[PDB]
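Worksheet: one structure, shown below.
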Amino acid sequence: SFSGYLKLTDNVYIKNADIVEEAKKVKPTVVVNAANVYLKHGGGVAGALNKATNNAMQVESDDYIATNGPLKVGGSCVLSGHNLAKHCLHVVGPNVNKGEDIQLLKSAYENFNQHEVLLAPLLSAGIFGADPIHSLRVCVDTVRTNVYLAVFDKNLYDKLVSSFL
Ligand SMILES: CCCC(=O)NCc1nc2ccccc2[nH]1
């Protein structure tokens with residue numbers, strides 16, 4: 001199962017890890033992607049997860065959007081986890097860099113409650129522009145299921161742990 005995680009709360013765990021490397025090692029039931037509404041996995045966590053699937057995630061995602069249209073900001077969809085996980089839960093956190101409502105971050109984290117255990121990044125962090133300290137706070141105050149957070153950046157991981165209330 002998951003190893004080397006620091007326990008933050010009853011159900012939230014954290015580790016300084018590359019989520020792609022973590023997914024390839026654990027092969028969890030669910031890996032969360034930091035998706036956008038179009039499921040265009042160009043960069044950040046999404047670009048990295050998609051590249052690890054040899055673009056199979058993007059081919060599947062394009063078929064999903066052709067059938068269903070875009071997701072909502074704060075919404076999600078369950079697709080294949082390919083070589084990374086049984087499933088990928090594509091969750092759209094608000095992109096502050098595109099002027100989206102930060103208040104939608106709680107709605108985005110609520111999607112995690114439909115899964116007993118997840119490997120996930122901090123939603124709306126990184127290239128999505130939100131404060132990762134705030135994202136972690138919303139995560140611990142919203143997610144009730146078991147969430148294993150992978151934080152790519154060591155310096156950010158240390159800041160998140162050392163500032164955790
Ligand atoms: C082959 C190793 C995996 C890989 O593609 N690393 C690049 C990378 N990992 C990230 C994690 C979070 C956000 C952006 C990331 N970019």
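Which numbered condition trips up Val31, out of (1) within 11 Å of the ligand (Cβ to nearest atom); (2) touching a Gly at 6+ places or on another chain (Cβ under 9 Å)?
Tallying (1) within 11 Å of the ligand (Cβ to nearest atom); (2) touching a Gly at 6+ places or on another chain (Cβ under 9 Å), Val31 fails exactly one: (1).
Cβ-Cβ below 9 Å, separation at least six or inter-chain, first residue in region 12-32 and without any contact (Cβ under 8 Å) to a residue 12 or more places away in the chain, second within 12 Å of the ligand (Cβ to nearest atom) and assigned to a strand (DSSP E or B): which pairs?
Within 9 Å, the pairs are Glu21/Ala150.
Is it true that some residue in region 119-126 is of a type outside the set (A, V, I, L, M, F, W, C), in contact with a strand residue (DSSP E or B) (Cβ under 6 Å, 6 or more places away or on another chain), under 24 Å from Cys77 (Cβ atoms) and surrounded by 21 or more Cβ atoms within 10 Å (Cβ to Cβ)?
First, pick out the residues of region 119-126 that are of a type outside the set (A, V, I, L, M, F, W, C): 121, 124, 126.
Adding the requirement that they be in contact with a strand residue (DSSP E or B) (Cβ under 6 Å, 6 or more places away or on another chain) leaves 121.
With under 24 Å from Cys77 (Cβ atoms) added as a condition, the list becomes 121.
Those still in the list that are surrounded by 21 or more Cβ atoms within 10 Å (Cβ to Cβ) too: 121.
Yes, region 119-126 has at least one match.
Residues in region 91-110: is at least one within 16 Å of the ligand (Cβ to nearest atom), touching a strand residue (DSSP E or B) at 6+ places or on another chain (Cβ under 8 Å) and at positive phi?
The answer is no, given that none of the residues of region 91-110 is within 16 Å of the ligand (Cβ to nearest atom), touching a strand residue (DSSP E or B) at 6+ places or on another chain (Cβ under 8 Å) and at positive phi.
Quick one: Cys77 ticks every box in (1) over 23 Å from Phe2 (Cα atoms); (2) crowded, with 22+ Cβ neighbours inside 10 Å except a single one, so which number is it?
(2)
Quick one: which of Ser162, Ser135 is among the small types (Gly, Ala, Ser), part of a helix (DSSP H, G or I) and surrounded by fewer than 22 Cβ atoms within 10 Å (Cβ to Cβ)?
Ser162 is the lone residue from the list that is among the small types (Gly, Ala, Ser), part of a helix (DSSP H, G or I) and surrounded by fewer than 22 Cβ atoms within 10 Å (Cβ to Cβ).
Taking region 111-130 only, how many residues are over 9 Å from the mean Cα position of the chain (by Cα), in a loop (DSSP other than H, G, I, E, B) and at negative phi?
4
Heads up, the Cβs are rebuilt from the backbone with ideal geometry, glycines too, and the neighbour counts pull from every protein chain shown. Any read-out appearing in this document is the output of simple, stated calculations on the displayed coordinates, not a laboratory observation.
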